[PDB]
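One structure is given here, and the rest of the page talks about it.
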Amino acid sequence: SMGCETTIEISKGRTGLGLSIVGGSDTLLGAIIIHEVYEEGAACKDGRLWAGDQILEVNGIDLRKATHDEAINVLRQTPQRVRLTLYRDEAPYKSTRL
Ligand code: NA
């Protein structure tokens, strides 16, 4: 009913952040969303990031209205320590293989 914001700093590993991203202002989501947190990646080991979280900002760069490609460029260009500001909607983010 009320969602919640957090800011966390993730130190990258060999595989980077360890996540995949979907969405963008150019999409049905209208936001940059974390689709998956990969096992054994940096974001998993940190424990705090969840699929479905929205990336609002990265190291002082606003991604609230970014297109998918704008966001990837931003994320690609980040340093070793990535300060992410996230919004967690109460909605679940569901993913099923069949
Ligand atoms: Na966003």
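Using the authors' numbering, read the sequence shown as starting at 1623 and increasing by one per residue.
The C-beta atom is built at its ideal place from N, Cα and C for all residues, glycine as well.
Per DSSP, the bridge partner or partners of residue i
{"i": "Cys1626", "result": "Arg1710"}
{"i": "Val1704", "result": "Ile1632"}
{"i": "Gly1638", "result": "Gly1635"}
{"i": "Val1644", "result": "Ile1655"}
{"i": "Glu1679", "result": "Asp1684 and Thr1707"}
Classification of residue i by the beta-carbon crowding that lies within 10 angstroms, buried from 16 upward
{"i": "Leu1650", "result": "exposed"}
{"i": "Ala1664", "result": "buried"}
{"i": "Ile1683", "result": "exposed"}
{"i": "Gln1702", "result": "exposed"}
{"i": "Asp1675", "result": "buried"}
{"i": "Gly1652", "result": "exposed"}
{"i": "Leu1706", "result": "buried"}
Contact under 8 Å by Cβ, residue i with residue j
{"i": "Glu1712", "j": "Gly1625", "result": "yes"}
{"i": "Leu1685", "j": "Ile1654", "result": "yes"}
{"i": "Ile1694", "j": "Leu1671", "result": "no"}
{"i": "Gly1645", "j": "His1690", "result": "yes"}
{"i": "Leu1708", "j": "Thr1628", "result": "yes"}
{"i": "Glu1658", "j": "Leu1641", "result": "yes"}
{"i": "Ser1647", "j": "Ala1673", "result": "no"}
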